[PDB]
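Notes for the one structure printed next.
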Amino acid sequence: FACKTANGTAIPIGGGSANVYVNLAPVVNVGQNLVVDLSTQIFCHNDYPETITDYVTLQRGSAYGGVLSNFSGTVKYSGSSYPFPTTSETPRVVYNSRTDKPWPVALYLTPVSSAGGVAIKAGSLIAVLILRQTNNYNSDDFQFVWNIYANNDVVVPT
Amino acid sequence: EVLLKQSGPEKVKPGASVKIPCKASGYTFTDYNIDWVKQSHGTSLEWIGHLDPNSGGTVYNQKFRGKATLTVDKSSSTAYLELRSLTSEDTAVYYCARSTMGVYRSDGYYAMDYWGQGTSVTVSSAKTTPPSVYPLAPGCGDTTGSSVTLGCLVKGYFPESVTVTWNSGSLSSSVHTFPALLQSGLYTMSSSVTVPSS
Amino acid sequence: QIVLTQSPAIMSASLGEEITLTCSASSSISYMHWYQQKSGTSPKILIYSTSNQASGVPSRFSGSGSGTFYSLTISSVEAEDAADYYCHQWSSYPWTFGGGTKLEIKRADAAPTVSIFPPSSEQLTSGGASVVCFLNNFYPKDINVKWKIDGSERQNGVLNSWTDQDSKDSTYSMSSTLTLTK
Amino acid sequence: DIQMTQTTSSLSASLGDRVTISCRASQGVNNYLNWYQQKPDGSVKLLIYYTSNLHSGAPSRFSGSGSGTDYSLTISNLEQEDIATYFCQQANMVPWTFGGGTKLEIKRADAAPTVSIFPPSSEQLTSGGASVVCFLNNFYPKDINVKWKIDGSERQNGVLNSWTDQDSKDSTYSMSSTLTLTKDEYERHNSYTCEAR
Amino acid sequence: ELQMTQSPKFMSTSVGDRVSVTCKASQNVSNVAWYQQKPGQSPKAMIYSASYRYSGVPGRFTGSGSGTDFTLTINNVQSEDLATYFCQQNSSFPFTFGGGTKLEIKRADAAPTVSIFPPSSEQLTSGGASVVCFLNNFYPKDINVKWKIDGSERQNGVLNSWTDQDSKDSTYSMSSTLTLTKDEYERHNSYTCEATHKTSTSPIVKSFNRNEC
Amino acid sequence: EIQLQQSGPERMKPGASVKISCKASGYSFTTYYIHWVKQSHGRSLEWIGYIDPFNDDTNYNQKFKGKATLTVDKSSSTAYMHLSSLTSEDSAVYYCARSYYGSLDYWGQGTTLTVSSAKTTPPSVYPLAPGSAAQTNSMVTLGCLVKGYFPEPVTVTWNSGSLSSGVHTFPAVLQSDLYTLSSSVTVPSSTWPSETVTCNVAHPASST
Amino acid sequence: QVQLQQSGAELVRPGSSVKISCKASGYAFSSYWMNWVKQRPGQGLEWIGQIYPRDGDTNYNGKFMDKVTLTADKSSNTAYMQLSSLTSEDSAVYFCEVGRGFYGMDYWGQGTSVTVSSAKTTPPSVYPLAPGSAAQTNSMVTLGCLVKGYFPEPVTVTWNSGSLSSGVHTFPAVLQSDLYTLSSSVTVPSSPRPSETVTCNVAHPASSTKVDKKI
Ligand SMILES: *[C@@H]1O[C@H](CO)[C@@H](O[C@@H]2O[C@H](CO)[C@@H](O[C@H]3O[C@H](CO[C@H]4O[C@H](CO)[C@@H](O)[C@H](O)[C@@H]4O)[C@@H](O)[C@H](O[C@H]4O[C@H](CO)[C@@H](O)[C@H](O)[C@@H]4O)[C@@H]3O)[C@H](O)[C@H]2NC(C)=O)[C@H](O)[C@H]1NC(C)=O
């Protein structure tokens, strides 16, 4: 089991860390959503699908920078939605193929009443998402850590 | 279709204030946002600010923070730009535009996709003056051929806003209109039309 | 603030050729957008998100680039392309435009059609006197005009007014006038 | 897929009682266990989610507890409004699975059925049909068995049974049994009895 | 269910020799394991993935084969290798083991010392009777036993017990028990025990008569 | 408040296909998931699948793959369920429900589907009368058999609603693709045959 | 080290059920597969099934699906196998095994014996065996002690309280009418009968009875 991004950077077997740079909508209105869709960025696969089943969860999701200060919302994961930042581990997603499959995670953040001006700065860190992978075979318990960065500034009208 | 209409050219005194409207039609006003752009010296472009018609919120370029104010009238589907203490550096053409920002777009299309015709603002203390219109006719040495050309000369008006129509709009082609020039503080321009010998 | 620079300020090309425009940024931006403004109208979106043709735009316009260098390429240049082009970014706040790049169209040379008009009787009634000479439908743009009233070289009091490049046959025009007292 | 099992299909109780409904999972779920209530008119509402969390709008009488593979729903002070069917549901793995259901009942003093029988009417006889209808009204508890006899011999075909829900007035049950015969089959026999015990 | 077949069920070598145990499969398998079992013990794994040894396995044991044919090889037996060997596959459900291959020691031939015994009078007191026959210290293990009464064959009520190879003499032994009632034992006169084995050119016969013991 | 509105009841023929809708109102449509659930006659609940309104990715129960399809129209905040190759087993109640925190927090009202080849038919009403003597000494029971109608529902009352007590109407049971029903009423032995009791039956589908 | 400890021998009755266990130690019990293997006396090895204790997953053999159930207990690190409707086919030794997930390692339990019988504990009957009227026309003779009708196994037999440690062959017992039958042989060069009246010592812990006899 190993995951990689759309620009090619990969995390090998056993877990690790990587960086992701996402393009955000330059403006968000009050009462609207800022959508951060990572199902088009992170993909993984099962190396031995004939004999092993891999289970994947979102162990933790934390907010940083402007997302922490100016936003609130939920996270979409495998048929349901949960508060973001997370308060517990999610259900499990099954990986059973050698072909890459999306990691179905998306953020839905709304501006708080104090948000105004440049809410998120370009090149800054907005979230850290931990991917926990177990299996059907042994005691392997690995963490794939993803750091999410903003590729542009986001403004909120006041 | 989608149309944005602004007021005609405005002439103001230094230190005064102006308010420029912009009325939208042909689409739902509150489903899109509004931008204002300044075009100075004929070529330079700079973004003034961004407005949300639902709440009246604004994002300002800090360059124009103390000079412009953005306001909306949701019922009439009209947006307003107001300039506070006009000076000579404020002589420019001002545009309103519909922008697709404010919400998520699946195709990632974020642009000013419809522009209203600009509003030219002149900041001067001079007096407005009617134009002196004269007709132009060939001399008695023409040696007339199959085609002849006639024109009109306009001199000594203010401010620079003059339009010329030939034959009450019946001749929309072969018409040359020339830019105005400053002559002793008053603008002068000309136009010409080409017609066959008939 | 991110400064966008377009160089050179004016470039020229011939019908059916291929030309490229460049925009360079003072810092790295994620996307670039292109607007076109023809003579006597407002700007119009042409290329968005560095590669996407806007609605109702021929496929001969295309964009590419990354980082701090972007470019807009026109293939099979047509007479309708005589306009001004501006690069625009909203990746950083505040949003800025480029300086502008005018496109000129090279074409076969053409002689000017000249007309001369005596001062109107109505103007002479008011006490003024001005003779207007029209030079129409020529190319290239640069051209000199010398006035001749009576036998002397009256090299004073002349106003020249060039027009914008025509959008149908790529020719220019000029209005030359000589103002004196009766 | 993960199997879900509820302890009892039906459970009797009385107003003011404390009620416990238990659910068990074939595989450990990570507290992603839900409780739903369905009224007799067929409407579904969420009561408890994530094993302990009151859904907004639910009465405070309801509570949840459990972990691993064993979960329970507790009603503190039963009310007539709470007489419904309850389902447990897990969401740890796809596909989501539901429990079998537990339907609440009101406790009552047991009663004996009232048996009544009717031969086919002359209209159906002239129409060619023949049906005998047996009525067993106002008994308690719900479980009952009926066997049809013809001329001393048993019959186990052509029998339709229909049961009503618990009465909201006196908390009793009723059931009807119908045996349908052709005209010749009805007329070529002599003894028909309806036995319920 | 894949059928794993081993043949022959018995193999016999001597100390220092090379012996190869072959396992046959009914389909294609990617993983075949080998286990060793001595009596009164749980099996001990020898080789996995058809070629690789387990932890604490001497280098004498080597594996080979692929697809459908597999073979376990012992370079030089050391009297610690005398056990039963099974092949196994896990590549499909259910897992299936081989039939087993017992190892032995090749020694010289020997003849069975047939010895017949009359039923004890104490047993006859209780109404039961069972004549016995002992054929201890014979080699090899292939042998047949029959009983005769008064010169007449009686193939009923006969129980036979074998013995594993002796750890000292490398020989075998047999016991034959014919159960009879008290009254049916008294109605005859003589009883005969018969023995024939692999290298027995002629049968060995021992007999007794009543009132002789 | 949050509401999910489903379409009305359906009556298809075997081998056909049916589309049902669920309109969401009172919340941001694309921020949540929509799930579909089946309850058969017998009250066991079955999960069908979910769909993301934001990008239309679907997940189905293996039991329902091929037969069922989920689609969304984010312009009108409506989800759709399509079921193809209908058989008699497909008759059930289908639900849409929003999903939050692993649970189905808000449910629609349900849509009933009936798969049958029968046709609209007026029921046959047959009165029921006691046998020998009287049933008891103070209490008597009378009945009314309603046989062979389609489709549901039929409505039975006694004496135009005058007898609102001591009455039982049993649920309908399908017999040779036609429904059957029976109703019972009990009255004091001195009231009948002194008075008159008439079974009143109405079948709106047959205009009876 | 890794170790698997199984329960003691079970003596059971036909048509009943039994539950044997296998306690694990020295490794993460919940994260590895546990196999169960049956070995009938005198035959090869059969595979019953496996369980993954963390999630409770099981994979059964088609032959043992209806009879066997498998469970586990995370707290006590103990796996359970349960047999139902115990016919005579079910009398064997059952093993637990963990090898998958460890590189080049394999561990078994010591095995548990399950006996399906309808009989009851019975003291053994010992009967001396004697040769015919003289020695066997040689310097060597054979004798024996015959034990029949006992239950259950095992019994230990010695000759002259272990004095005769050579030329002794004890044969494995054989079931007869739901009772075992074991016999032993002894070979003596002193020409017994008429000499020394050789004695054999027999024990049966199952009934706590010790019997001695003379030839
Ligand atoms: C029958 O018995 C066989 C023993 O011979 C069993 O074989 C073992 O199967 C497992 C699973 O199929 C194999 O996978 C594990 O090993 C790989 C590779 O590492 C090892 O193998 C290489 C080749 O042998 C060596 O060169 C290496 O040095 C190393 O020894 C791991 O990469 C796997 O883990 C990764 O993938 C899984 C699934 O995607 C993730 O969950 C993990 O977290 C990790 O990402 C496996 O751990 C194993 O190699 C193989 N051999 C051995 C000796 O164990 C076979 O499984 C068995 N069959 C059945 C049905 O039980």
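Numbering starts fresh at 1 for the residues of each chain in the structure tokens, the chains themselves are lettered A, B, ... in the order given, and ligands are numbered from 1 as they appear.
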
**Item:** Protein and nucleic acid residues within 9 Å of ligand 1 (only C-alpha atoms and all ligand atoms) as a ChimeraX atom specification
**Value:** /A:1-2,12-15,45-55,95-96,98,133-142 /E:30-33,47-50,52,89-93,95 /G:33,99-104

**Asked** Given a cut-off of 12 Å, which residues of chain B touch chain A, counting only C-alpha atoms, written out as a count of residues only?
**Response** 33

Could you give me, as a Markdown table, a per-residue list for chain D showing, wherever an atom lies at most 12 Å from an atom of chain G, the closest pair of atoms and their distance in Å to one decimal, using only C-alpha atoms and sorting by chain then residue number from low to high?
| residue | atom | partner | partner_atom | distance |
| --- | --- | --- | --- | --- |
| D:1 | CA | G:57 | CA | 10.6 |
| D:2 | CA | G:55 | CA | 10.2 |
| D:3 | CA | G:56 | CA | 11.7 |
| D:25 | CA | G:56 | CA | 10.6 |
| D:26 | CA | G:56 | CA | 7.5 |
| D:27 | CA | G:55 | CA | 5.6 |
| D:28 | CA | G:55 | CA | 6.2 |
| D:29 | CA | G:55 | CA | 9.1 |
| D:30 | CA | G:55 | CA | 11.2 |
| D:68 | CA | G:55 | CA | 10.3 |
| D:69 | CA | G:55 | CA | 10.3 |

Kindly save the residues from that selection, with C-alpha atoms included, as an mmCIF file, in the first residue's frame.
data_model
loop_
_atom_site.group_PDB
_atom_site.id
_atom_site.type_symbol
_atom_site.label_atom_id
_atom_site.label_comp_id
_atom_site.auth_asym_id
_atom_site.auth_seq_id
_atom_site.Cartn_x
_atom_site.Cartn_y
_atom_site.Cartn_z
ATOM 1 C CA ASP D 1 -20.907 -7.679 5.036
ATOM 2 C CA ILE D 2 -21.412 -6.876 8.715
ATOM 3 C CA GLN D 3 -24.427 -8.693 10.139
ATOM 4 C CA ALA D 25 -22.813 -6.914 15.569
ATOM 5 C CA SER D 26 -20.987 -9.826 13.960
ATOM 6 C CA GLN D 27 -17.873 -7.644 13.698
ATOM 7 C CA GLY D 28 -16.592 -4.790 15.815
ATOM 8 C CA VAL D 29 -17.775 -1.362 14.698
ATOM 9 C CA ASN D 30 -15.934 1.741 15.867
ATOM 10 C CA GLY D 68 -17.258 -2.930 20.346
ATOM 11 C CA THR D 69 -20.009 -5.334 19.298
#

**Message:** Measuring between only C-alpha atoms, which one of G:83, G:28, G:11, G:134 shows the shortest distance to chain A?
**Reply:** G:28

**Request:** If you run DSSP over the backbone, which residues in chain D end up strand (DSSP E)? Put them as a ChimeraX atom specification.
**Result:** /D:4-6,10-13,19-25,33-38,44-49,53-54,62-67,70-75,85-90,97-98,102-106,114-118,129-139,146-150,153-155,159-163,173-182,192-196
